[PDB]
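Student: First the structure, then my questions, so here it is.
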Number of protein chains: 2
Amino acid sequence: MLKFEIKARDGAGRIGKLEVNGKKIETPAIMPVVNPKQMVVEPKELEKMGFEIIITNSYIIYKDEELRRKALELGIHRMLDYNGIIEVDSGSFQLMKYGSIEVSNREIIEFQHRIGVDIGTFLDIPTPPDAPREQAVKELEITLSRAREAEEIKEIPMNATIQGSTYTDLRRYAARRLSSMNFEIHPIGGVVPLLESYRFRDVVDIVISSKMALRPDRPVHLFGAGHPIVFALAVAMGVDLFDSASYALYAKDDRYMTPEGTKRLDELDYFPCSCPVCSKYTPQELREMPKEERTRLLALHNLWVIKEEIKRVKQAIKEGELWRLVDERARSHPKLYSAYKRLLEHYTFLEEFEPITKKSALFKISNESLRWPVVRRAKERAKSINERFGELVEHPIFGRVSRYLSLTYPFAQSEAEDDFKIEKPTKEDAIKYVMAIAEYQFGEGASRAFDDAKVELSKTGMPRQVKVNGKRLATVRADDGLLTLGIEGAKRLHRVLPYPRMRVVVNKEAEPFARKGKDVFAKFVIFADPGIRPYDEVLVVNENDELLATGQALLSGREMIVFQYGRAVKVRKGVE
Amino acid sequence: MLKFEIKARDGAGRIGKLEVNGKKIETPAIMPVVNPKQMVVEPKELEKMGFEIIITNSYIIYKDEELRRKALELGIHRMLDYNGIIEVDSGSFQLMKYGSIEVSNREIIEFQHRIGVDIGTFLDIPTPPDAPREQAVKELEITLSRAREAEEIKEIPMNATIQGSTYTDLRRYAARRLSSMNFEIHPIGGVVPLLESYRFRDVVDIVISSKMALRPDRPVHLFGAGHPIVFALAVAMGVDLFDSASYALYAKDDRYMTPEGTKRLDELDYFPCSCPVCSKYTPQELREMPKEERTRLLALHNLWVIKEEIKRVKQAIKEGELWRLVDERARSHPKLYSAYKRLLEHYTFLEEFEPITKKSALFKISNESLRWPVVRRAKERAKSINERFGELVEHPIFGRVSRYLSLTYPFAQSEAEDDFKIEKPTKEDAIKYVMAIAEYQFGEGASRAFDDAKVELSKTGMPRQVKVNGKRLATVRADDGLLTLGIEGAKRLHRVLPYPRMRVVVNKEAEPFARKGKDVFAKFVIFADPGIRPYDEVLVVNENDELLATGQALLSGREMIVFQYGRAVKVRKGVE
RNA sequence: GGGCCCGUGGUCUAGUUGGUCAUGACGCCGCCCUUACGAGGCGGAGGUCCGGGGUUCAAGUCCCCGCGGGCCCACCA
RNA sequence: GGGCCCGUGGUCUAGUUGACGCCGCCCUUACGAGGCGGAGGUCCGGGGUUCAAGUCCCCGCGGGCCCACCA
Ligand SMILES: [Mg+2]
Ligand SMILES: [Mg+2]
Ligand SMILES: [Mg+2]
Ligand SMILES: [Mg+2]
Ligand SMILES: [Zn+2]
Ligand SMILES: [Zn+2]
C-alpha cells in the first residue's frame with residue numbers, strides 16, 4: 001500500500017509524488033541516516049529544514065535495551081519527535097561490515113511492524129564487490145528466499161533490495177525475481193564500498209543493469225549514496241531515493257561537501273557556499289572552534305548542500321536540462337567523468353524513457369553532448385526524411401538536415417558554437433514541411449494522412465495550422481515545431497497507420513470517458529505502442545481499435561501498461 | 001599611488017592584495033554598480049555584506065543638481081554612507097548608449113578630485129564591436145589623447161581603459177601606449193554589447209590580446225562584467241576586477257542568476273541556491289509578492305551568487321584547480337564552451353604564467369583537460385628525458401613516460417579514468433630518478449650537477465634527500481616529487497648551467513640580504529631568466545653572477561623584472 | 001469541465017543619461033565587420049500581419065466571435 | 001627573525017551497531033580497483049625511555065603554512 005506517480009521527467013529519471021500512510025513527499029529525495037543513541041542533528045530540526053523523510057537502523061535499536069522499550073512504547077515517530085515518513089534498515093549493512101548480526105529475518109521484519117514504521121527493509125545480504133562467484137550466487141539466493149519469507153509475513157510497505165555483487169548477470173536476475181514479487185520499493189544495494197572508492201563507473205554498470213530488469217512503476221533507491229557529486233548522474237539513471245550518514249560522518253572527520261567533490265576544512269581559505277553556516281562564519285573562525293561545535297556546523301552545512309543539489313537536479317528535470325547538469329558535474333572528478341561517458345553508452349536504455357520534446361533547447365557543450373539520447377535519435381529518425389525530401393541545410397550539431405525539418409525539435413532548438421540558421425517555408429512547400437514533420441514525428445507513413453492539406457503561415461512566416469477543406473488535421477506547435485493532432489487528423493492518421501502504431505488501448509470501463517475528452521489514467525491502459533515516448537502525440541483507442549481520442553502521452557508505452565497511479569495521457573479532443 | 005601585489009596564483013590569473021588610500025581589498029573582486037538617485041540596495045548593506053569596494057557614475061552626478069552639491073559637500077563616502085573604496089565612471093558608457101554626453105575630459109576628471117574619490121576614470125571612448133575601421137582608429141586616438149591630457153592633470157589613482165573595438169591589432173597597441181603611461185589600473189572596455197550577446201569568444205580574443213600587451217603589475221578590470229557565468233573564465237585570463245549593475249538590472253526584469261546561466265522567475269519550480277533569500281522563500285511565494293519586494297529580493301539573491309562564485313574561484317586558485325572550474329563552468333552554455341576552447345589555444349600566453357607545480361593533482365575530466373598548459377609543457381619537457389633515460393611506463397594522460405620521472409608532478413599527480421601505477425626506484429637507480437627529475441626540472445644540463453651523489457630512500461621507498469660526501473645538494477620534495485635546492489646544490493648547479501639559466505639578478509642594494517637568506521623583493525630585481533615560471537627552484541645571483549642564495553620563484557621571470565611591490569623569491573638558504 | 005495566459009523558432013540582455021512605458025513583428029537590398037560560417041554594426045526600401053465582425057479619420061496593435069497553443073486545479077470513474 | 005605543523009605520491013572514504021615491500025587464489029578485455037589467505041623484511045641518521053618501537057620526548061638532517069622586513 002505505497003503510491004508512486006511520475007510528476008515530471010527527463011533523461012531516464014523523474015520527479016515523482018510518493019505517498020505512504022497519508023504522508024506525501026516528492027522524489028528525487030534523500031533520507032538522512034540517523035543513529036538515535038548519538039544524534040548530531042535531531043529529527044526535530046531535520047524536519048524543520050525540509051527533510052520530510054528519514055531513516056534509522058532498526059537492528060541497532062533491537063540490540064539496545066533502553067530503546068527497544070521506548071520503541072514498543074510510543075512507536076518511533078514520538079520517540080524521535082519526527083512527524084514525517086520514517087523508514088528503517090534491517091541492519092544487513094551491519095552484517096556487511098561486522099559480519100555477524102543477531103536476529104532472524106522474521107524477528108526483525110516483525111519488530112518493524114510493532115515499532116510502527118512507515119517503510120521497512122527485510123534482512124537482505126549485501127554481498128561486497130568483486131566477491132567470489134558462488135558467494136554472490138549462494139548469498140543472493142539466501143537473500144531471495146528471505147525476500148519470499150518476508151513477502152508473506154509483511155504487513156507494512158517494504159524495500160526489496162537488489163543484491164548481486166559486481167555481477168551484472170545476477171543483478172539482472174535478482175531484479176526480475178524481486179520486481180514480480182509484491183513489494184513497494186527497490187533499493188540497489190551493496191555499493192558503498194564502490195562509492196567510497198569513487199568507482200562511479202562500476203556503480204552505473206550496476207544501477208543500469210538493474211533499472212533495466214525492474215518494473216518502471218516501483219521507486220528505485222540507491223543504498224548508501226548521499227554525496228552531491230552523484231545525484232545528477234544517479235537521478236538521470238532513473239534513481240529516486242538516497243540515504244546516507246555521509247553528512248554527519250563527513251562532518252565528524254572534518255570534511256566539507258561541494259557538488260564538485262570533497263574539501264578538508266584545513267585546506268579551505270574561503271567558503272564556496274551561501275547557506276546559513278558559510279554566511280555567518282569563515283574557514284578560519286570555524287577551524288578555531290572545537291569538535292562538538294565544528295562537526296555540528298559542518299554536518300549542518302553538508303545537509304544544506306545535499307538539499308540544495310537535489311533541488312538543483314529537480315529544477316533541471318523540470319526544464320529538460322538534466323543531461324547538461326550531468327555533463328557539468330561529470331567534470332567534478334575523473335572517475336565520475338568515466339562513469340558519465342559510460343552511462344551515455346547505454347543508448348537503448350535511455351532512449352526508451354527520453355522525452356520526445358522538451359521545453360529548453362539542446363546544448364552542444366561537450367563531446368559527450370553529441371552522444372546524448374535525443375541526438376542519436378533524431379540523427380536516425382531524420383535519416384529517411386532527408387533522402388525522401390532532401391533540400392539539405394548544414395547543421396552545427398547534425399551536420400546536414402532537410403530544411404523541411406529545420407524548424408522542429410531538436411534541430412531548430414539547438415545551440416552550439418556556430419549558429420544554425422533555419423529556413424521558413426514558402427506557400428508552395430509549406431506542406432512538405434508538414435509531411436516531413438509528420439513522417440519524422442509519427443513514422444514511416446504518417447505523411448499520407450496529410451497528403452492534400454492547407455498550411456497557414458503566421459505573421460512571421462512560420463507553418464502553423466494545417467487543415468483540409470474546412471477542418472484542421474493538426475497544428476505545428478510553436479515551441480518545438482511538432483504536430484499537435486486535432487481529432488479529424490487523429491482519425492485520418494489512425495487509418496493510414498497500422499496497429500499498434502502510436503496507440504493506447506483503454507479498458508472497457510474507461511472507453512466511455514476517452515470518447516468525451518477527459519484524460520486517461522495509467523490504471524486503465526491495457527496496452528500501448530512500445531515506441532511511445534513521453535509528450536508524444538498519441539491515438540487513444542478501444543480494445544477493438546476504434547479511435548476514442550487524441551492527446552499527449554506522459555509515459556513511454558511500456559510504462560502506461562504497468563503504472564497504476566498517475567495519468568497516462570493528457571487528452572486533447574474526444575471523438576465525440 | 002596604488003599598490004598591487006600577487007598573493008596566490010594559478011592559470012594566468014591570481015588573487016591579489018590591493019591598497020588604495022589605506023583601505024585594503026583582495027582580488028579577484030567585483031564592484032556593484034550603483035546609481036544614487038534610485039538605489040535598489042544601499043551601500044550601507046553592500047558593505048555589510050562583503051563588498052569592500054563599489055562604483056557609481058560620476059557623470060550621472062555632475063548632471064543632477066541636488067547631488068552635484070551634496071557631492072562637493074560631504075565628499076562621496078559620507079553621501080553614500082559607504083566607508084569602503086569608492087570608484088567612479090567617466091560616463092563614457094553613457095556616451096556609448098545615448099551618444100552625446102556634456103562635459104570635458106578635464107571638467108569631470110577634475111570634478112572627480114573634488115568629490116574626494118579613491119579611484120577615477122577619465123572620459124575614454126567605448127567604441128562598440130565590429131565598428132568601422134577608422135571609427136576605431138580615430139576614436140582610439142581621441143581616447144589616448146584624453147588619456148595623455150589626463151595623465152598630467154590627475155592627482156587621484158586612475159583607470160586607463162583599453163579601447164579598440166573588435167580589432168585585436170588596435171587593442172594590443174592601445175595596450176602598450178597605456179601600459180607605459182603612468183596609470184594605476186587598466187580596465188578592458190566596450191565589451192558589454194559582446195557580453196549581452198553572449199559573445200564569450202570575441203571577449204576572450206579581446207581580453208587575451210590585451211593582457212598580452214599590458215604590464216603584468218597593473219590590475220586588469222573587465223568593464224561591465226558581472227555575471228557568475230564568466231568569472232572563472234575571465235579570472236583565469238588574468239582579469240582581477242569586475243563591475244556591473246547586472247544584479248539589480250536583472251532582478252528588475254525578474255531574472256535569477258546561477259553560476260550556470262540565467263533563469264526566469266516564472267520558470268522556477270525550485271531555488272538552486274542556499275543563500276538567505278532562497279532559504280526563507282520559494283519560487284511560488286516570491287512570484288506572489290509585487291515588484292518593489294520581488295526585485296529587491298532578487299537583486300539581493302543575485303549579489304549572493306556573485307559573491308559566492310568569486311569565493312569559489314579564489315578557492316580554486318588557492319588549490320590550483322582554476323582550470324577544472326573553467327572546464328566545469330564552460331559547460332554552462334555553448335557560446336561559453338566555444339570561448340573556453342579558444343582560450344586554451346593560446347598556449348604560449350598561458351604557459352608563461354603557469355605555476356610549475358601546484359598543490360592539488362591534475363584532473364583528466366574532458367578533452368579540453370588535455371590542452372591545459374600544464375600538460376602540453378610536461379609532454380614536451382618530458383620528451384628528451386624519455387629518450388635519454390628510457391624504461392617507459394604507460395600513462396593515462398601522457399601515454400608513455402620514463403619511470404624515472406614517474407613520481408614527479410604532474411605525472412604521478414594526475415588522475416584520469418584509468419589509474420597510473422607509479423614505480424618507486426631501487427637503490428641502484430635511485431640516482432637516475434634525480435638526474436631525470438633534474439634535467440626535467442632545470443634543463444638540458446642539470447643532471448651533471450648531481451652526477452655523483454647519494455639518494456636516501458624513505459620508509460616508503462620514495463627518493464627524498466640527495467647528498468654528496470656529507471652535504472646535501474637537494475631534496476625530492478614529497479608532495480610534487482620535484483627538487484628543492486640546498487645551497488651546496490645551487491652552487492653545484494650555477495656552475496654547470498650557463499647564464500642566465502634559472503637566475504635572478506639583484507640590485508647592489510639587495511645583494512647584502514640575499515647572501516644572508518632573507519627573501520628578495522620584486523623591486524630590486526634587475527633581470528631574471530625569462531624561462532622562469534612560478535614555484536620554480538631558482539638561483540639568486542648578483543649583477544656579476546655570483547651565487548647569493550637559492551629560493552622559490554613567485555613570478556615568471558619577465559614578471560620579476562617589472563614588478564615594484566610584492567616579493568620575487570622566497571629565499572630558502574643564503575650563501576652566507 | 002473549473003482558473004489564468006497566448007497568436008509565439010530557438011539563444012539572450014551585464015562600466016544602470018532617475019524607475020518605468022514606448023519607440024511593432026516578419027519578410028525584402030546594400031555597405032561595414034567577419035576565414036567564409038557565425039554574431040554584430042550602418043543605411044535603403046516598403047510588402048504582410050491565421051479567419052470573420054465591430055471601434056476610430058487611422059489597426060498586427062482596442063474590445064468581440066471563430067480556428068489554434070501553454071500552465072494550473074478537478075475526474076483514478 | 002618570530003609563532004604553528006611534519007618526516008609525507010596522487011585520489012578517497014556516503015543503507016553511522018602505523019607504514020612500505022614480498023608470494024598465491026578470486027573479481028577484472030589485461031589495465032583500473034578491489035576481495036581472500038599465506039609470508040613477516042625495513043621503517044632518514046646519532047642518543048636516550050622501554051621487557052617492547054616507525055611508534056615516546058632529546059639533538060642532527062630535511063619538507064610544508066603563517067607572520068616580519070620592498071631595505
Ligand atoms: Mg496500467
Ligand atoms: Mg623590478
Ligand atoms: Mg494539468
Ligand atoms: Mg609567507
Ligand atoms: Zn555550507
Ligand atoms: Zn539565492
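Chain lettering (A, B, ...) mirrors the order of the C-alpha cells, residue numbering begins at 1 for each chain separately, and ligand numbering begins at 1 in order of display.
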Neighbours of ligand 6 at 7 Å or closer, counting only C-alpha atoms (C1' of nucleotides) and all ligand atoms: which residues, as a PyMOL selection string?
Tutor: chain B and resi 271+273-278+301-302+304-305
Student: What's the 9 Å shell around residue A:375, counting only C-alpha atoms (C1' of nucleotides), without same-chain residues fewer than 5 positions away, as a list in words?
Tutor: residues 362, 369, 370, 380, 397, 398 and 410 of chain A
Student: Taking the DSSP secondary structure from the backbone, can you list the residues of stretch 275-497 of chain A that are alpha helix (DSSP H), as an MDAnalysis selection string?
Tutor: chainID A and resid 276:279 283:288 291:319 322:329 334:343 347:353 373:389 430:441 488:496
Student: Considering only C-alpha atoms (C1' of nucleotides) and all ligand atoms, state which residue in the set C:27, C:3, C:53, C:15 is at the smallest distance from ligand 3.
Tutor: C:3
Student: Which polymer residues have any atom within 12 Å of an atom of stretch 32-35 of chain C, counting only C-alpha atoms (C1' of nucleotides), with same-chain residues fewer than 6 positions away left out, as a ChimeraX atom specification?
Tutor: /B:128-136,165-167,202 /C:41-43
Student: Export N, CA and C atoms (P, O5', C5', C4', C3', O3' and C1' of nucleotides) of the chosen residues as a PDB file, in the first residue's frame?
Tutor:
```pdb
ATOM      1  N   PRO B 128      32.037  50.526 -30.069  1.00  0.00           N
ATOM      2  CA  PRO B 128      31.275  49.281 -29.998  1.00  0.00           C
ATOM      3  C   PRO B 128      32.021  48.157 -30.688  1.00  0.00           C
ATOM      4  N   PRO B 129      31.332  47.059 -30.984  1.00  0.00           N
ATOM      5  CA  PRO B 129      32.044  45.983 -31.667  1.00  0.00           C
ATOM      6  C   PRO B 129      31.759  45.986 -33.178  1.00  0.00           C
ATOM      7  N   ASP B 130      32.668  45.392 -33.942  1.00  0.00           N
ATOM      8  CA  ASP B 130      32.531  45.324 -35.383  1.00  0.00           C
ATOM      9  C   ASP B 130      32.363  46.709 -35.986  1.00  0.00           C
ATOM     10  N   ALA B 131      32.753  47.726 -35.238  1.00  0.00           N
ATOM     11  CA  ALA B 131      32.643  49.087 -35.738  1.00  0.00           C
ATOM     12  C   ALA B 131      33.548  49.271 -36.938  1.00  0.00           C
ATOM     13  N   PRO B 132      33.239  50.247 -37.780  1.00  0.00           N
ATOM     14  CA  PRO B 132      34.010  50.557 -38.979  1.00  0.00           C
ATOM     15  C   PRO B 132      35.454  50.693 -38.589  1.00  0.00           C
ATOM     16  N   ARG B 133      36.382  50.661 -39.540  1.00  0.00           N
ATOM     17  CA  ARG B 133      37.787  50.774 -39.134  1.00  0.00           C
ATOM     18  C   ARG B 133      38.213  52.119 -38.575  1.00  0.00           C
ATOM     19  N   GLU B 134      38.269  53.147 -39.417  1.00  0.00           N
ATOM     20  CA  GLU B 134      38.663  54.468 -38.953  1.00  0.00           C
ATOM     21  C   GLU B 134      37.989  54.796 -37.617  1.00  0.00           C
ATOM     22  N   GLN B 135      36.675  54.578 -37.549  1.00  0.00           N
ATOM     23  CA  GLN B 135      35.921  54.865 -36.334  1.00  0.00           C
ATOM     24  C   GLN B 135      36.572  54.228 -35.136  1.00  0.00           C
ATOM     25  N   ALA B 136      37.347  53.179 -35.340  1.00  0.00           N
ATOM     26  CA  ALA B 136      38.012  52.557 -34.219  1.00  0.00           C
ATOM     27  C   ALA B 136      39.326  53.250 -34.061  1.00  0.00           C
ATOM     28  N   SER B 165      37.700  48.447 -30.024  1.00  0.00           N
ATOM     29  CA  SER B 165      36.681  47.654 -30.707  1.00  0.00           C
ATOM     30  C   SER B 165      37.060  46.190 -30.869  1.00  0.00           C
ATOM     31  N   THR B 166      36.599  45.574 -31.947  1.00  0.00           N
ATOM     32  CA  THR B 166      36.895  44.173 -32.183  1.00  0.00           C
ATOM     33  C   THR B 166      38.213  43.985 -32.929  1.00  0.00           C
ATOM     34  N   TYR B 167      39.097  44.979 -32.854  1.00  0.00           N
ATOM     35  CA  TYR B 167      40.374  44.873 -33.536  1.00  0.00           C
ATOM     36  C   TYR B 167      41.476  44.549 -32.589  1.00  0.00           C
ATOM     37  N   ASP B 202      34.602  36.228 -28.717  1.00  0.00           N
ATOM     38  CA  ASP B 202      35.102  37.552 -29.054  1.00  0.00           C
ATOM     39  C   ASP B 202      35.685  38.273 -27.841  1.00  0.00           C
TER      40      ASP B 202
ATOM     41  P     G C  41      23.482  45.288 -33.741  1.00  0.00           P
ATOM     42  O5'   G C  41      24.373  46.421 -34.417  1.00  0.00           O
ATOM     43  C5'   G C  41      25.487  46.961 -33.721  1.00  0.00           C
ATOM     44  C4'   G C  41      26.354  47.768 -34.655  1.00  0.00           C
ATOM     45  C3'   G C  41      25.610  48.620 -35.664  1.00  0.00           C
ATOM     46  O3'   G C  41      25.086  49.806 -35.090  1.00  0.00           O
ATOM     47  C1'   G C  41      27.290  47.444 -36.789  1.00  0.00           C
ATOM     48  P     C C  42      23.652  50.343 -35.574  1.00  0.00           P
ATOM     49  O5'   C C  42      23.986  51.048 -36.966  1.00  0.00           O
ATOM     50  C5'   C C  42      25.045  52.003 -37.066  1.00  0.00           C
ATOM     51  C4'   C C  42      25.316  52.346 -38.514  1.00  0.00           C
ATOM     52  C3'   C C  42      24.094  52.737 -39.331  1.00  0.00           C
ATOM     53  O3'   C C  42      23.759  54.107 -39.174  1.00  0.00           O
ATOM     54  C1'   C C  42      25.319  51.125 -40.525  1.00  0.00           C
ATOM     55  P     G C  43      22.214  54.542 -39.147  1.00  0.00           P
ATOM     56  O5'   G C  43      21.736  54.389 -40.665  1.00  0.00           O
ATOM     57  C5'   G C  43      22.151  55.330 -41.656  1.00  0.00           C
ATOM     58  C4'   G C  43      21.813  54.849 -43.057  1.00  0.00           C
ATOM     59  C3'   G C  43      20.360  54.604 -43.435  1.00  0.00           C
ATOM     60  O3'   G C  43      19.646  55.779 -43.768  1.00  0.00           O
ATOM     61  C1'   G C  43      21.703  52.903 -44.348  1.00  0.00           C
TER      62        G C  43
END
```
Student: Counting only C-alpha atoms (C1' of nucleotides) and all ligand atoms, what are the residues, protein, DNA or RNA alike, that approach ligand 1 to within 12 Å? I want them as a PyMOL selection string.
Tutor: (chain A and resi 5+215-217+504-507+510+520-528+555-569) or (chain C and resi 76)
Student: Could you make a table, as CSV, of the residues of chain C that have an atom within 9 Å of an atom of ligand 3, each with its nearest atom pair and distance in Å to one decimal, counting only C-alpha atoms (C1' of nucleotides) and all ligand atoms, in chain and number order?
Tutor:
```
residue,atom,partner,partner_atom_place_in_ligand_line,distance
C:71,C1',ligand 3,1 (Mg),7.6
C:72,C1',ligand 3,1 (Mg),6.1
C:73,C1',ligand 3,1 (Mg),7.5
```
Student: Let me see the file: selected residues, C-alpha atoms (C1' of nucleotides), as a PDB file, in the first residue's frame.
Tutor:
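This went into again11.pdb:
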```pdb
ATOM      1  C1'   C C  71       0.189  26.397 -17.499  1.00  0.00           C
ATOM      2  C1'   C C  72      -2.848  25.207 -13.308  1.00  0.00           C
ATOM      3  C1'   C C  73      -6.913  22.641 -10.306  1.00  0.00           C
TER       4        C C  73
END
```
Student: Residues of chain B no more than 9 Å from chain A, counting only C-alpha atoms: send them over as JSON, numbers by chain.
Tutor: {"B": [267, 268, 269, 270, 271, 272, 273, 274, 275, 276, 279, 304, 305, 307, 308, 309, 310, 311, 312, 313, 314, 315, 318, 319, 324, 325, 327, 328, 329, 330, 331, 332, 333, 334, 335, 336, 337, 338, 339, 363, 364, 365, 366, 367, 415, 416, 417, 418]}
Student: Produce a file of the selected residues containing N, CA and C atoms, as a short mmCIF file (atom, residue, chain, number, x, y, z; two decimals), in the first residue's frame.
Tutor:
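Written out: selection_6.cif:
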```cif
data_model
loop_
_atom_site.label_atom_id
_atom_site.label_comp_id
_atom_site.auth_asym_id
_atom_site.auth_seq_id
_atom_site.Cartn_x
_atom_site.Cartn_y
_atom_site.Cartn_z
N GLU B 267 9.64 30.41 -14.18
CA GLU B 267 10.18 29.27 -14.88
C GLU B 267 10.86 28.47 -13.81
N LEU B 268 10.82 29.00 -12.60
CA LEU B 268 11.42 28.33 -11.46
C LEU B 268 10.41 27.56 -10.62
N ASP B 269 10.73 26.32 -10.34
CA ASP B 269 9.88 25.48 -9.51
C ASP B 269 10.58 25.42 -8.18
N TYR B 270 11.90 25.42 -8.23
CA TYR B 270 12.70 25.35 -7.02
C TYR B 270 13.74 26.44 -7.02
N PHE B 271 14.55 26.50 -5.97
CA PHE B 271 15.62 27.51 -5.90
C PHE B 271 16.96 26.83 -5.71
N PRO B 272 17.75 26.73 -6.80
CA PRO B 272 19.07 26.10 -6.83
C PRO B 272 20.09 26.93 -6.07
N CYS B 273 19.71 27.36 -4.87
CA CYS B 273 20.55 28.20 -4.02
C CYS B 273 20.34 27.87 -2.54
N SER B 274 21.26 28.33 -1.70
CA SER B 274 21.18 28.09 -0.26
C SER B 274 21.34 29.39 0.53
N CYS B 275 21.42 30.52 -0.18
CA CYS B 275 21.63 31.80 0.48
C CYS B 275 20.48 32.16 1.42
N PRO B 276 20.53 33.36 1.99
CA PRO B 276 19.46 33.79 2.89
C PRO B 276 18.08 34.07 2.28
N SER B 279 16.49 30.50 1.01
CA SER B 279 16.33 29.67 2.18
C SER B 279 14.96 29.92 2.80
N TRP B 304 24.31 37.57 -3.81
CA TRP B 304 24.79 36.42 -3.06
C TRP B 304 25.51 35.40 -3.91
N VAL B 305 25.02 35.22 -5.13
CA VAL B 305 25.65 34.26 -6.01
C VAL B 305 26.96 34.90 -6.45
N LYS B 307 28.90 37.11 -5.23
CA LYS B 307 29.88 36.94 -4.18
C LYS B 307 30.32 35.49 -4.07
N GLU B 308 29.36 34.58 -3.97
CA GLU B 308 29.65 33.16 -3.85
C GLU B 308 30.64 32.67 -4.89
N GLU B 309 30.30 32.83 -6.17
CA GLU B 309 31.18 32.35 -7.24
C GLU B 309 32.60 32.91 -7.09
N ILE B 310 32.71 34.20 -6.80
CA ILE B 310 34.03 34.79 -6.62
C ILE B 310 34.84 34.01 -5.61
N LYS B 311 34.23 33.66 -4.47
CA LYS B 311 34.93 32.90 -3.44
C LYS B 311 35.33 31.60 -4.07
N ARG B 312 34.36 30.98 -4.73
CA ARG B 312 34.57 29.70 -5.38
C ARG B 312 35.87 29.76 -6.12
N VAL B 313 35.95 30.73 -7.02
CA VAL B 313 37.12 30.96 -7.87
C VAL B 313 38.40 31.04 -7.06
N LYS B 314 38.43 31.98 -6.12
CA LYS B 314 39.62 32.17 -5.31
C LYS B 314 40.04 30.89 -4.65
N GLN B 315 39.06 30.12 -4.18
CA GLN B 315 39.39 28.86 -3.54
C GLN B 315 40.10 28.02 -4.56
N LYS B 318 43.55 29.00 -5.03
CA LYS B 318 44.32 28.64 -3.87
C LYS B 318 44.73 27.18 -3.88
N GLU B 319 43.94 26.32 -4.50
CA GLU B 319 44.35 24.92 -4.53
C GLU B 319 44.99 24.49 -5.83
N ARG B 324 39.96 23.41 -13.79
CA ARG B 324 38.89 22.46 -13.62
C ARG B 324 37.60 23.24 -13.49
N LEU B 325 37.63 24.33 -12.74
CA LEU B 325 36.42 25.14 -12.56
C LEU B 325 36.02 25.87 -13.84
N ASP B 327 36.58 24.45 -16.89
CA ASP B 327 36.10 23.31 -17.64
C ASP B 327 34.70 22.96 -17.19
N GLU B 328 34.39 23.25 -15.94
CA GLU B 328 33.06 22.96 -15.41
C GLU B 328 32.10 24.05 -15.86
N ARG B 329 32.45 25.29 -15.59
CA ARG B 329 31.59 26.37 -15.97
C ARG B 329 31.48 26.50 -17.51
N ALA B 330 32.44 25.95 -18.23
CA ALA B 330 32.40 26.03 -19.69
C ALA B 330 31.16 25.33 -20.25
N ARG B 331 30.70 24.30 -19.54
CA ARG B 331 29.55 23.52 -19.95
C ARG B 331 28.24 24.26 -19.74
N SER B 332 28.32 25.38 -19.03
CA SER B 332 27.14 26.17 -18.73
C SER B 332 26.36 26.63 -19.93
N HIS B 333 27.04 26.82 -21.05
CA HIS B 333 26.39 27.30 -22.28
C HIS B 333 27.33 27.29 -23.51
N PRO B 334 26.82 26.75 -24.63
CA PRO B 334 27.51 26.63 -25.92
C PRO B 334 28.52 27.72 -26.24
N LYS B 335 28.04 28.95 -26.36
CA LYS B 335 28.92 30.06 -26.68
C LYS B 335 30.08 30.16 -25.72
N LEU B 336 29.86 29.81 -24.46
CA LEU B 336 30.95 29.89 -23.49
C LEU B 336 31.94 28.77 -23.73
N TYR B 337 31.42 27.57 -23.93
CA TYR B 337 32.28 26.42 -24.21
C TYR B 337 33.23 26.79 -25.34
N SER B 338 32.68 27.38 -26.40
CA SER B 338 33.47 27.80 -27.54
C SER B 338 34.65 28.62 -27.06
N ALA B 339 34.31 29.70 -26.34
CA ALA B 339 35.28 30.65 -25.79
C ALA B 339 36.41 29.94 -25.07
N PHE B 363 43.61 16.88 -13.16
CA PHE B 363 42.43 16.04 -13.41
C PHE B 363 42.03 15.94 -14.88
N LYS B 364 41.99 14.71 -15.38
CA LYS B 364 41.58 14.47 -16.75
C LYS B 364 40.07 14.40 -16.64
N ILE B 365 39.38 15.45 -17.01
CA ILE B 365 37.92 15.44 -16.90
C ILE B 365 37.21 15.93 -18.17
N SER B 366 37.94 16.01 -19.26
CA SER B 366 37.38 16.47 -20.51
C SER B 366 38.45 16.37 -21.57
N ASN B 367 38.06 16.59 -22.82
CA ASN B 367 39.01 16.52 -23.91
C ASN B 367 39.89 17.72 -23.80
N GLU B 415 45.08 12.42 -12.36
CA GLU B 415 44.02 11.46 -12.15
C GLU B 415 43.16 11.43 -13.39
N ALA B 416 42.89 10.22 -13.86
CA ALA B 416 42.07 10.02 -15.05
C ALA B 416 41.38 8.66 -14.98
N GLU B 417 40.31 8.49 -15.73
CA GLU B 417 39.58 7.24 -15.76
C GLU B 417 40.44 6.07 -15.28
N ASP B 418 41.35 5.63 -16.12
CA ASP B 418 42.22 4.53 -15.76
C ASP B 418 43.30 5.09 -14.82
#
```
Student: Find the distance between atom CA of residue B:376 and atom CA of residue B:236 and write it in Å to one decimal.
Tutor: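 Distance reported for this atom pair: 17.2 Å.
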Student: For a quick check of understanding, using only C-alpha atoms (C1' of nucleotides), which of D:24, D:29, D:36, D:4 has the smallest distance to chain A?
Tutor: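 Of the candidates, the smallest distance to chain A is held by D:36.
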